[PDB]
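Have a look at the structure below before the remarks.
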Amino acid sequence: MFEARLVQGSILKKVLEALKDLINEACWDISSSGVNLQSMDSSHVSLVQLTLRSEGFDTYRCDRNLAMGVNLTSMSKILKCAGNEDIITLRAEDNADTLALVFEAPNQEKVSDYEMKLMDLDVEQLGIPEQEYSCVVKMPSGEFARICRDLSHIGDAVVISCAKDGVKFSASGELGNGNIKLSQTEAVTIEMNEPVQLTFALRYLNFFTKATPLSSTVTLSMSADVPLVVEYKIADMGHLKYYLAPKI
Amino acid sequence: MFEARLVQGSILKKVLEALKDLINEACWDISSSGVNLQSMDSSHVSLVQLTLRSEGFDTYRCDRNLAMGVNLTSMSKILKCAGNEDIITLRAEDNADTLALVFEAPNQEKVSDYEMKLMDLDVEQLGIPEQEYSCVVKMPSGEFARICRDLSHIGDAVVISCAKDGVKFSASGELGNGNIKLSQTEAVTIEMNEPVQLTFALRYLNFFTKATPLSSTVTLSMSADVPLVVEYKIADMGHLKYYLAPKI
Amino acid sequence: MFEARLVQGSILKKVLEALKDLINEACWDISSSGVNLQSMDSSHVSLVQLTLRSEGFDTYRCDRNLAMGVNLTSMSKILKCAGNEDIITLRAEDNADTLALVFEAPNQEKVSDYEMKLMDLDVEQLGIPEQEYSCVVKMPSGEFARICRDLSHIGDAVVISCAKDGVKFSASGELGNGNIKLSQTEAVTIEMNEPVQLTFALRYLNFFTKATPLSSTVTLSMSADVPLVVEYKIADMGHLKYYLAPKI
Ligand SMILES: N[C@@H](Cc1cc(I)c(Oc2ccc(O)c(I)c2)c(I)c1)C(=O)O
Ligand SMILES: N[C@@H](Cc1cc(I)c(Oc2ccc(O)c(I)c2)c(I)c1)C(=O)O
Ligand SMILES: N[C@@H](Cc1cc(I)c(Oc2ccc(O)c(I)c2)c(I)c1)C(=O)O
Ligand SMILES: [Cl-]
Ligand SMILES: [Cl-]
Ligand SMILES: [Cl-]
């Protein structure tokens, strides 16, 4: 008998806006500890992982663990019916076939309730390994978004080169090439053990940056021979992480 | 020798913006009492009725009654050439083949004049019956627009249920369903003799809401077995009314 | 060994935004005196001429005269990677095959450098004759843009009639016709020896007005039997001029 009330409901709005173009359908793993989503994107390239801890909700209750199969476009459409000031409650019965979503304001003059048909998805839980990241860059999320958008007018791929002093983003294509150098100082901070130079598809990074509204900061974690992790903190609640294998 | 000067010319701009998607061609009935338009929309579903009383114009003169056949897209295009601060004069000769439109500002530094070819439309005047509306809801026009837009992402039709205490808008479709409850308190006011529950096509309501800029308030009048009336007041001048039969 | 530093880099951004829809490819004539571009548009109708004098750059150096063949769409794409506050340096070696563009800010926290492949274009320099313009209209660039946009909803051509007292823009098409009268007074100023009445394609004027951000003023120079000149000053630096033959 799952139920979860989130006074800052706009977090859910932004979460769906940051998932709906990447994933068509995904399983929401609901448990005592919180809400978790894990899915490969629809092209089977990147893996997206969302954590929303029970403690970041204003009320939270989960009697039995649920795997809720959700069409993300549908859920996105329903969440567009919530205002940015709305208190949002999620509610599903045991062995649920629908998810209820209730939107309200403090003044209770407008109350909306939606019911979303769930899907049957017997998806398996993938193991996400832990890695030693020889290089971790924290920077303003908006500057990251800007760089990925700008450089995708030049080529399809971005070389990210990281050293103690600064981080460089480079691209090349038909028209020529470019590179963008950010020095360490919102700040740019680099925690690095060994320099890395890795190449990534801009198409996928430009999908990840739809998470920009969740945080003014993004963390890029990278190491040779493992996926890049692009991490947006969801304040006092958890995170959205995107994983992208370098181009080999 | 029709002539009409409207210092608040932006009213005409908004009137055309609220008609041009619904109607291709329509007759402007000009008479001593004022300007009236009546037309079925281009799909022959809803009826639109505009009243602009002679008294709301700053000057007004009509020697002989005229039926001006107008392509509304064309008139819309000409009215887009008026600024929002413009004084607008309409002028047509007796047995007119063209309508003149003059746009000016107080400072007279820019004066525009347009001439629009009229059309030949021998359309008959339809009788719009009077009805007893067992239920009349006054609410903010923007909230009405929001609800119709939001709910049309859920289904094609909206059930409007009205009672003393409040008004509910519901929709259902493939993805699931939703309902939006507004309580009586811009306010929400309900004057009702008997509860109504009626169903309407959202496609047409979303056309009516293009009239939103004419008023901060909309009036919904409904009764069993007669069209819904969606009414936008045009301050100190008249109205724009849209009529839509429930789905049966 | 050409190099040019422009602290107000946004001038270059606006220059490219005012050329890229009109011209695909064009030669940048670089010399001691400054940067000049001359090209027929891609339809071979209008001629565009850009002058940026060496003196308007913060530093300027040109060892040998260069004709740089540039795809303007490509250069436009690179200049979109510059911020509006950016210092912009252009750099090309002798007998250059690439153009370097460096973007920086005062605080040097972000430095970008791009390299653009040049093209081989053995275009000849066209002689632009001098003419006696019997009529010169100075007016606000935004009002010019407004008029050309508005009137292009009425017809494809604009009749520009100029007299001592004022300037009139007229258009006619299927729906009817219109004219817009501006009186002499940002001001409207007319210096005229003889009245002119000339007709011009609105499609091309609406391309010229993409230069609007370079200046709050536009100068229209016209005479019977020679092209209209539409001139946008590039403050303390030079100009962008567009030439358009009247319709005959
Ligand atoms: N589904 C894909 C395989 C695939 C599986 C997983 I688990 C992924 O996530 C991570 C995350 C962090 C890591 O360090 C690693 I190593 C992998 C990704 I990116 C791809 C296929 O079909 O090959
Ligand atoms: N033209 C349509 C018929 C049609 C005629 C009329 I008059 C209409 O307006 C109203 C307005 C208020 C009312 O109470 C009623 I009853 C009808 C409408 I909506 C439709 C056809 O072809 O059947
Ligand atoms: N390229 C075109 C010819 C063409 C050549 C030139 I030089 C042009 O510029 C001007 C500018 C100011 C003037 O007074 C004149 I006279 C011409 C233009 I407009 C057109 C063709 O192929 O016929
Ligand atoms: Cl991988
Ligand atoms: Cl009816
Ligand atoms: Cl010519």
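Every chain in the structure tokens takes a letter, A first, then B, and so on in the order presented; its residues are numbered from 1, and the ligands are numbered from 1 following the presented order.
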Within 10 Å of chain B, which residues of chain A are there when counting only C-alpha atoms? Please give them as a PyMOL selection string.
chain A and resi 71+73-75+77-82+98-104+108-118
Any chance you could list, as a PyMOL selection string, the residues in segment 82-206 of chain C that come up alpha helix (DSSP H) when DSSP is run on the backbone?
chain C and resi 141-151+202-206
Let me see the file: selected residues, N, CA, C and O atoms, as a CSV table (one decimal), in the first residue's frame.
chain,number,residue,atom,x,y,z
C,141,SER,N,15.4,51.6,-37.3
C,141,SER,CA,15.6,50.3,-38.0
C,141,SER,C,14.5,49.4,-37.7
C,141,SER,O,14.1,48.6,-38.5
C,142,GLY,N,14.0,49.4,-36.5
C,142,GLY,CA,12.9,48.6,-36.0
C,142,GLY,C,11.6,48.9,-36.7
C,142,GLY,O,10.8,48.0,-37.0
C,143,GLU,N,11.3,50.1,-37.0
C,143,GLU,CA,10.1,50.5,-37.7
C,143,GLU,C,10.1,50.0,-39.1
C,143,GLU,O,9.1,49.5,-39.7
C,144,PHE,N,11.3,50.2,-39.8
C,144,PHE,CA,11.5,49.6,-41.1
C,144,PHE,C,11.2,48.1,-41.1
C,144,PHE,O,10.4,47.6,-42.0
C,145,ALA,N,11.9,47.4,-40.2
C,145,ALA,CA,11.6,45.9,-40.1
C,145,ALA,C,10.1,45.6,-39.9
C,145,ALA,O,9.6,44.7,-40.6
C,146,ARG,N,9.4,46.3,-39.0
C,146,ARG,CA,8.0,46.2,-38.8
C,146,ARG,C,7.2,46.3,-40.1
C,146,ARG,O,6.3,45.5,-40.4
C,147,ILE,N,7.4,47.4,-40.8
C,147,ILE,CA,6.7,47.7,-42.0
C,147,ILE,C,6.9,46.7,-43.1
C,147,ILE,O,6.0,46.2,-43.7
C,148,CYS,N,8.2,46.2,-43.3
C,148,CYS,CA,8.4,45.2,-44.3
C,148,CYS,C,7.7,43.9,-43.9
C,148,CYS,O,7.2,43.2,-44.8
C,149,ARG,N,7.8,43.5,-42.7
C,149,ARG,CA,7.1,42.3,-42.2
C,149,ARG,C,5.6,42.4,-42.4
C,149,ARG,O,5.0,41.5,-43.0
C,150,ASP,N,5.0,43.4,-41.9
C,150,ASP,CA,3.6,43.6,-42.0
C,150,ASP,C,3.1,43.6,-43.4
C,150,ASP,O,2.1,42.9,-43.7
C,151,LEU,N,3.7,44.4,-44.3
C,151,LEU,CA,3.2,44.6,-45.6
C,151,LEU,C,3.4,43.3,-46.5
C,151,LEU,O,2.7,43.1,-47.4
C,202,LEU,N,9.6,42.5,-51.3
C,202,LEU,CA,9.6,42.4,-49.9
C,202,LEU,C,10.5,41.3,-49.4
C,202,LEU,O,11.0,41.3,-48.3
C,203,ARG,N,10.6,40.2,-50.1
C,203,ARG,CA,11.3,39.0,-49.7
C,203,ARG,C,12.7,39.4,-49.4
C,203,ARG,O,13.3,38.9,-48.5
C,204,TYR,N,13.3,40.3,-50.3
C,204,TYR,CA,14.7,40.7,-50.1
C,204,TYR,C,14.9,41.7,-49.0
C,204,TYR,O,15.8,41.6,-48.2
C,205,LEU,N,14.0,42.7,-48.9
C,205,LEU,CA,14.0,43.6,-47.8
C,205,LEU,C,13.9,42.9,-46.4
C,205,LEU,O,14.7,43.2,-45.5
C,206,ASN,N,13.1,41.9,-46.3
C,206,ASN,CA,13.0,41.1,-45.1
C,206,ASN,C,14.3,40.3,-44.8
C,206,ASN,O,14.5,39.9,-43.7
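Pairwise distance (atom CA of residue 223 of chain B, atom CA of residue 236 of chain B) equals 27.5 Å.
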Could you give me, as a ChimeraX atom specification, every polymer residue with an atom at most 8 Å away from an atom of ligand 6, counting only C-alpha atoms and all ligand atoms?
/C:226-227,244-245
Could you build a table of the residues in chain B lying no more than 7 Å from ligand 2, giving for each the nearest pair of atoms and their separation in Å rounded to one decimal place, using only C-alpha atoms and all ligand atoms, ordered by chain and ascending residue number, as a Markdown table?
| residue | atom | partner | partner_atom_place_in_ligand_line | distance |
| --- | --- | --- | --- | --- |
| B:40 | CA | ligand 2 | 1 (N) | 6.0 |
| B:44 | CA | ligand 2 | 1 (N) | 5.8 |
| B:45 | CA | ligand 2 | 19 (I) | 6.3 |
| B:46 | CA | ligand 2 | 19 (I) | 4.5 |
| B:47 | CA | ligand 2 | 19 (I) | 4.9 |
| B:126 | CA | ligand 2 | 7 (I) | 5.3 |
| B:127 | CA | ligand 2 | 7 (I) | 5.1 |
| B:128 | CA | ligand 2 | 7 (I) | 4.3 |
| B:129 | CA | ligand 2 | 14 (O) | 5.3 |
| B:130 | CA | ligand 2 | 14 (O) | 6.2 |
| B:131 | CA | ligand 2 | 14 (O) | 5.9 |
| B:226 | CA | ligand 2 | 14 (O) | 5.1 |
| B:227 | CA | ligand 2 | 14 (O) | 5.2 |
| B:243 | CA | ligand 2 | 19 (I) | 4.7 |
| B:244 | CA | ligand 2 | 19 (I) | 4.7 |
| B:245 | CA | ligand 2 | 19 (I) | 5.3 |
